[PDB]
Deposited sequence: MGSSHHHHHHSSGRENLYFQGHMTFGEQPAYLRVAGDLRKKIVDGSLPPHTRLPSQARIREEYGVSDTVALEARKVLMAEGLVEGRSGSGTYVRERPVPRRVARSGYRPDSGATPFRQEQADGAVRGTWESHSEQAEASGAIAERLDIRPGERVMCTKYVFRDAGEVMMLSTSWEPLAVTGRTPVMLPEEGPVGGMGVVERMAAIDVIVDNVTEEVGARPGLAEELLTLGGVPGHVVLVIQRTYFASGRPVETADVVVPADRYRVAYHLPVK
């Protein structure tokens, strides 16, 4: 890294049976032949009913078709407030119960148009790019690429995120050390197939979907850091807690 249509009727009935537990995970879906006879449908209808359930990710192959066991999702807790002790891991996963570690690599770069725009600087202007692999008790479960404008951090003790007196303590603490007060954060959660490099690092198969948080920290209206934070969609959800006023 560094009158419903027949096939929907049939599919609907089996889907219910799947949600019931009537068809428990690792149990074979009724066969094509069985679906045809039991529901009195054509071969194509039985075939298309099965394709619905597969496109929906409810069943898979592994000589027959098996109800998939879908894991209970874990939350990646998102927060702007201060923790116990601040680290890049705790900054991404606010859940105090989770003990976590990271490896990172930092190197300068000229900002792409896209990153320049997220940081509100001229394209080609220099940034510090740091990549992280985060582990939860030895298990890799999150990736991140973070960009910071050298206009802000250049020639300061916090220029390198994982070095110096506040290295390893995250963006808000590192910024505060140079009299820059982060006061807002925007986070946009999207989903897409993982990049090979991401999926290989995260241990998923090609085509596996990841959640991608585009995150930008602000100090007095100016962007001071932007990042793409990546977690496997099959295992995780991105959790927010908001006030209602």
Query raised in the report: Which residue ranges of the deposited sequence are not present in the modelled coordinates?
Result: 1-17, 20-26, 87-88, 110
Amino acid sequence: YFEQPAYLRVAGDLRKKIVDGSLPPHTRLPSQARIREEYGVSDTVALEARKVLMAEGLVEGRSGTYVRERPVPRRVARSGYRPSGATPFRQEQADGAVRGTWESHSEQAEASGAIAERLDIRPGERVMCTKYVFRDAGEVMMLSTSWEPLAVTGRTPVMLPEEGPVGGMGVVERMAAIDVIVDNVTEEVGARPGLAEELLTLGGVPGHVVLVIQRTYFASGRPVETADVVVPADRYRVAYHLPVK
From here on, numbers count along this sequence of modelled residues.
Report summary line: Per the PDB entry, mean CA B-factor is higher for 94-102 or 131-139, namely for 94-102
Query - 3-11 or 236-244, whichever carries the higher mean Cα B-factor - result: 3-11
**Report entry** Identity of residue with top Cα B-factor, from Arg82, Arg174, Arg75, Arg78
**Finding:** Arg82
Requested in this report: Select lowest, middle or highest to describe the third in which the CA B-factor of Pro165 falls within its chain in this entry.
Outcome: highest
Query raised in the report: Looking at the C-alpha B-factor of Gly190, is it in the lowest, middle or highest third of its chain?
Result: lowest
**Report entry** Entry-reported Cα temperature factor of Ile121, expressed as the chain third it lands in
**Finding:** middle
Query raised in the report: Split the chain's modelled residues into thirds by Cα B-factor; is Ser144 in the lowest, middle or highest one?
Result: lowest
Query - CA B-factor placement of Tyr39, once the chain's modelled residues are sorted into thirds - result: middle
